[PDB]
Each structure stands twice: as C-alpha cells, then as structure tokens.
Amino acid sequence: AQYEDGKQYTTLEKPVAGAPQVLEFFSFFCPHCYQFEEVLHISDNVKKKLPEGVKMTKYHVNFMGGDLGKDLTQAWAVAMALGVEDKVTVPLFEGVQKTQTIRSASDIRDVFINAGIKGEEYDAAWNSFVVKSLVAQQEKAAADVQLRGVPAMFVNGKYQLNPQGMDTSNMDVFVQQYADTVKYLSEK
C-alpha cells in the first residue's frame, strides 16, 4: 500500500476506547517538540487538513525534567482552563530550552504574567480543582497508551504517528506527509 502499518504509523495492540480523536503529547523539555512547535507548526498544519468536526487535543507530560516537568504539566492545565495556550506556548519553550530562564514554578508564572494573565487569576486557576482534574486527564491519557516518548500523536486511540518513517530532507515535505497521514488515519 502507500500507507503501511509500521511505516508512517504503528498500531496499538491495546486500543484505547473513548480516546480523543487527535491526541498530541509534548514536553517543554523535549527538543523535537520545540522543533514541532516553533519550526514545523505540526499541530497547526494537521488542523488545516483534518475533516470537519474533528477536535484536536494536546497534553503535557511529566517524565521529562523532574519537578519542573510536573510544574509544567500543572501550568499547561492552567493554560487549557484559561484558554491561553496560544499565548504561553512559545515563551515557555524558549524559557525552558532557549534562554533557560525558567528554573522554578515562579518563573513559569512570570511567563503568564508577561503574557497578560493576571496574578490573582493565575494563582486561582493554579490552585483550582478544575486544574487538578485537568492534570489528572493529562496523566490518564498518557498512562492509557504506555507513553514513554514525546512528541507523540495518536489518532482515535488506535494509531500512533511514526515520524521516523517519513523523509526529513525537506521540512515542508515532512510536515505535509505528517499531516496527510493524520488525515488518512482519521478516515480509517
């Protein structure tokens, strides 16, 4: 075929019922994730090719960066609750990997303050039980697929993207092949 299990994707032996349609996992400590966000805009280009009516979900993971990794998962929960993903994603990546000015939860918070979220509003979210269940959701979804690496994308809880099996000579061609694969898997 032109899309083969084991080449542009793999199949989960243990499929995940009720999973989000398109589920992406990342870490702000993850170097390919930085690329995926900053240089390739994967999430965006996938969105652009997806069928009408399909929702896109993105979760942070704990297994990179120890204590700060978890803080970052709680902060992403805050970002999802407040709807400010698009305002903090870039400065969090650069703060962790580029400038290395994020070293504590307070530094994470600073990114949000500079992005215009109010202290009171951030601290209230940070401490809310809505944010705790959102943290719970992120961990559960990662647990359900035995996730040990990022970036990772799963389609309909049965298929896992395999970017290793696509060509990387051309960044733009890599992205389209990636997105077209998500679309193909989506229609499967």
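One-based numbering along the sequence shown.
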| field | Residue stretch of maximal mean CA temperature factor, 22-30 vs 53-61 | value | 53-61
| note | Looking only at C-alpha temperature factors in the entry, 174-182 or 161-169, the higher average sits in 161-169
| By its CA B factor, does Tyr122 count among the lowest, middle or highest third of the modelled residues in the chain? | middle
| Which third of the chain holds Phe154 when residues are ordered by C-alpha B factor: lowest, middle or highest? | lowest
| Chain-wide C-alpha B factor ranking for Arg148, given as lowest, middle or highest third | highest
| field | Chain-wide C-alpha B factor ranking for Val130, given as lowest, middle or highest third | value | highest
| Record-listed C-alpha B factor of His41: chain third | middle
